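Asks:
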Amino acid sequence: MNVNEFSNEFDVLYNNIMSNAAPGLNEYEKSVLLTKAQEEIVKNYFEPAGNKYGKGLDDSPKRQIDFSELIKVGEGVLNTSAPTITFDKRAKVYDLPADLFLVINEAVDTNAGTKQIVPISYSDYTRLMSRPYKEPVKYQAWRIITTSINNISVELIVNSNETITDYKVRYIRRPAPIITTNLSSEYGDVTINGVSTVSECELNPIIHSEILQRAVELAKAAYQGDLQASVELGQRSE
Amino acid sequence: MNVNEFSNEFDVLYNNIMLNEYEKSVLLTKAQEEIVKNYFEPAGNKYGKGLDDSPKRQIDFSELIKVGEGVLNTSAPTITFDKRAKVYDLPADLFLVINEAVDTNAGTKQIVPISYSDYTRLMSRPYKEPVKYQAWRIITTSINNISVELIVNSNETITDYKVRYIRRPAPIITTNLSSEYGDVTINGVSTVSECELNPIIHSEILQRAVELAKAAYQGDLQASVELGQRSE
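From first to last, the protein sequence lines are chains E and F.
Taken in order, the first sequence gives residues 1 to 238; the numbers are from the authors' numbering.
Taken in order, the second sequence gives residues 1 to 18, 25 to 238; the numbers are from the authors' numbering.
Okay, here's the thing in structure tokens:
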């Protein structure tokens with residue numbers, strides 16, 4: 001469904017049938033609520049505990065097809081542009097793509113073959129570095145986030161006497177906002193995520209109805225406006 | 001009822017089952039203007055019903071309803087209160103507006119006559135545009151006419167502006183006033199003028215004129231103030 005259909009069925013589901021009908025929502029408000037509902041839905045469906053099914057990214061066909069249009073593959077750029085201080089002397093710093101929402105798969109291609117990057121926790125890092133070896137298992141590499149400015153910088157730890165040729169990252173692209181109409185105005189240009197032009201929902205049509213329902217629920221919680229509704233509907237932001 | 005019938009049956013009601027024709031014309035013109043206002047406002051009449059609240063009220067204003075286009079006021083380069091306001095002149099014979107629509111490139115949009123309070127409220131928010139099927143309208147500097155600022159959404163152009171309104175009633179005159187009365191006019195017309203309204207409301211216009219005459223001739227202050235309540 002295109003943006004006009006988002007807005008028309010938003011109006012239908014919000015106030016065109018309600019008995020003591022409420023004021024219609026302005027297009028900026030509808031775009032804001034739709035973008036919020038989109039992000040909430042993405043976060044709810046990525047995490048199993050966030051939805052009533054207990055199903056995350058790839059726990060069912062529907063969850064695969066939900067994020068299928070939001071998956072992207074890119075590469076981390078070696079961060080030798082400027083000097084820096086790494087926590088580990090034997091780690092190579094890489095910069096992830098700017099439009100990164102969530103990392104789901106990483107791999108590094110070295111001279112000793114491809115290796116799956118395992119994101120190790122800080123307590124896990126301490127445990128592993130208290131051991132005599134201090135290097136990954138055969139077909140794996142280690143990873144920790146380092147000092148990041150304006151984009152995520154990442155330290156890749158591989159086994160000794162190994163060089164990294166490329167660093168691929170299969171991630172979830174940051175969703176683009178849903179903007180119903182050109183938000184340009186003479187009184188001031190308002191933006192949802194830095195863009196005023198019309199922006200279609202760049203995800204699969206399977207969850208457009210879900211985004212619409214969530215947006216309507218958020219609109220009605222805003223209309224109710226007491227602390228109660230804000231608190232319970234803020235639980236699903238996550 | 002022809003004007004002769006108005007004058008003749010005024011005598012039946014006012015002269016105890018049988025005034026100058028100018029005085030009768032003045033009162034009949036005043037009576038219809040009262041009746042139009044009272045039956046327009048729901049609170050002005052005895053039934054609590056306005057323009058479209060019953061079949062009778064619809065036939066009452068049926069012959070006054072007129073549809074006309076507003077003309078762009080590009081001749082005079084005046085100053086508008088809103089940046090994106092296009093000044094439009096309304097028809098000269100305008101009494102009360104009841105529907106306004108504007109035809110843009112994006113589509114027809116129903117004009118909402120927005121109050122001075124609501125404007126300040128809606129213009130204190132981030133976006134400051136109407137809803138996607140509506141336009142705003144506020145009256146602006148007007149000279150011997152009605153001028154309206156059409157504040158439609160930016161990124162849109164106005165191609166048309168239709169106004170459905172109540173036309174100003176013509177005077178009721180029962181004789182050529184210039185024949186006996188030097189240069190007296192009722193609303194700028196000295197000759198015989200018929201009632202331009204539906205025959206359904208002719209009786210109420212005649213009855214109101216008779217009441218206005220009797221109160222005017224009785225001369226009591228209380229009667230004048232009491233029946234002056236219904237003048238709005």
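Just so it is clear, CB atoms sit at the ideal spot from N, CA and C, and this is done for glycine as well.
Can you give me the Cβ contacts of residue 103/E inside the same chain, cut-off strictly under 7 angstroms, excluding the 5 residues immediately before and after it?
Replies: The residues are 169, 171.
Asks: Taking 7 angstroms as the CB-CB cut-off, is residue 196/E touching chain F?
Replies: So, not an interface residue.
Asks: Would you say residue 118/F reaches chain E, if we count a Cβ-Cβ gap shorter than 7 angstroms as a contact?
Replies: Residue 118/F does not count as touching chain E.
Asks: Taking 7 angstroms as the threshold (beta carbon to beta carbon), is residue 158/F in contact with chain E?
Replies: No - not a single Cβ of chain E is within 7 angstroms of the one on residue 158/F.
Asks: Please decide whether residue 225/E counts as near chain B, where near means a Cβ-Cβ distance under 7 angstroms.
Replies: Here the protein chains are E and F, and chain B is not one of them.
Asks: Name, going along the chain, the residues of the stretch 173-187 of chain E whose beta-carbon falls closer than 8 angstroms to a beta-carbon of chain F.
Replies: If the cut-off is 8 angstroms between Cβ atoms, the stretch 173-187 of chain E has 180, 181, 182, 183, 184, 185, 186, 187 near chain F.
Asks: On the DSSP letters alone, give me the boundaries of the beta strand (DSSP E) that residue 91/E sits inside.
Replies: Looking at the DSSP string, the run of the beta strand (DSSP E) that includes residue 91/E is 91-95.
Asks: Less than 7 angstroms between CB atoms is the rule here; does residue 161/F satisfy it with respect to chain E?
Replies: Yes, because at least one Cβ of chain E sits closer than 7 angstroms to the Cβ of residue 161/F.
Asks: Going by DSSP, what residue range makes up the beta strand (DSSP E) through residue 164/F?
Replies: Residues 164-173.
Asks: Can you name the start and end residues of the alpha helix (DSSP H) that residue 127/F belongs to?
Replies: 122-128 is the extent of the alpha helix (DSSP H) around residue 127/F.
Asks: Label residue 234/F either buried or exposed according to how many other C-beta atoms from any shown protein chain fall within 10 Å of its C-beta, with 16 as the threshold for buried.
Replies: Residue 234/F should be labelled exposed.
Asks: Could you give the distance in angstroms between the alpha-carbon of residue 132/F and the alpha-carbon of residue 29/E?
Replies: So the two alpha carbons sit approximately 9 angstroms from each other.
Asks: Assign residue 65/F to one of three DSSP states: helix, strand, or coil.
Replies: It is helical.
Asks: Report the neighbours of residue 44/E on chain F: residues whose CB is nearer than 7 angstroms to its CB, in chain order.
Replies: Those do not exist, as residue 44/E stays about 27 angstroms from chain F at its closest Cβ, beyond 7 angstroms.
Asks: Pop quiz: residue 142/E and residue 120/E are said to be a contact at Cβ under 8 angstroms. What is the actual Cβ separation, rounded to whole angstroms?
Replies: The pair is a contact, with the Cβ atoms about 5 angstroms apart (cut-off 8 angstroms).
Asks: Name the residues in the stretch 120-133 of chain F whose C-beta lies less than 7 angstroms from a C-beta of chain E; which are they?
Replies: Per Cβ criterion, the list reads 132, 133.
Asks: Using 7 angstroms as the limit for Cβ to Cβ distance, is residue 14/E near chain F?
Replies: So, not an interface residue.
Asks: Which word fits residue 45/F, buried or exposed, when buried means at least 16 other C-beta atoms lie within 10 angstroms of its C-beta?
Replies: Label assigned to residue 45/F: buried.
Asks: What's the C-alpha gap between residue 52/E and residue 87/E?
Replies: In a straight line, the C-alpha of residue 52/E is about 40 angstroms away from that of residue 87/E.
Asks: Does residue 72/F come out as helix, strand or coil in the three-state DSSP assignment?
Replies: Residue state, collapsed to three classes: strand.
Asks: Counting pairs of Cβ atoms below 8 angstroms between the stretch 203-217 of chain F and the stretch 48-68 of chain F, do you hit three or more?
Replies: Taking 8 angstroms as the limit for Cβ pairs, the verdict is that the stretch 48-68 of chain F does touch the stretch 203-217 of chain F.
Asks: In this structure, does DSSP put residue 143/F in helix, strand or coil?
Replies: Reduced to three states, the DSSP call for residue 143/F is strand.
Asks: Measuring straight from C-alpha to C-alpha, what distance separates residue 84/F and residue 127/F?
Replies: The alpha-carbon atoms of residue 84/F and residue 127/F are separated by roughly 25 angstroms.
Asks: Flag residue 92/F as yes if its beta-carbon sits less than 7 angstroms from any beta-carbon of chain E, otherwise no.
Replies: Closer than 7 angstroms: no.
Asks: Measure from the C-beta of residue 72/F to each C-beta in chain E and report whether the shortest distance is under 7 angstroms.
Replies: It does not: the Cβ of residue 72/F has no partner Cβ on chain E nearer than 7 angstroms.
Asks: Quick one: Cα of residue 6/F to Cα of residue 116/F, how far?
Replies: Going by the C-alpha atoms only, they are around 41 angstroms apart.
Asks: Measuring straight from C-alpha to C-alpha, what distance separates residue 118/F and residue 106/F?
Replies: One C-alpha to the other measures close to 8 angstroms.
Asks: Any Cβ of chain F within less than 7 angstroms of the Cβ of residue 190/E?
Replies: Yes, its Cβ sits closer than 7 angstroms to a Cβ of chain F.
Asks: Beta-carbon within less than 7 angstroms of residue 47/F's beta-carbon, same chain only, minus the 5 sequence neighbours each way: which residues are those?
Replies: Answer for residue 47/F: 56, listed in chain order.
Asks: So for residue 78/E, helix, strand or coil by DSSP?
Replies: Correct three-state label for residue 78/E: strand.
Asks: In chain E, what lies closer than 8 angstroms to residue 138/F by C-beta?
Replies: Chain E residues near residue 138/F: 7, 27, 180, 181.
Asks: Taking 7 angstroms as the threshold (beta carbon to beta carbon), is residue 115/F in contact with chain E?
Replies: Not one chain E Cβ lies under 7 angstroms of residue 115/F.
Asks: Would you give the residue range spanned by the beta strand (DSSP E) that residue 109/E belongs to?
Replies: Its beta strand (DSSP E) spans residues 100-110.
Asks: Below 7 angstroms between beta carbons: does that hold for residue 89/E and residue 156/E?
Replies: No.
Asks: Below 7 angstroms CB to CB, which residues in the same chain sit around residue 152/E once its five sequence neighbours on both sides are set aside?
Replies: Once the five neighbours on either side are set aside, the close Cβ partners of residue 152/E are 96, 100, 145.
Asks: If you measure from the beta carbon of residue 168/F to each beta carbon in chain E, is any gap under 7 angstroms?
Replies: With 7 angstroms as the cut-off, residue 168/F does not count as an interface residue toward chain E.
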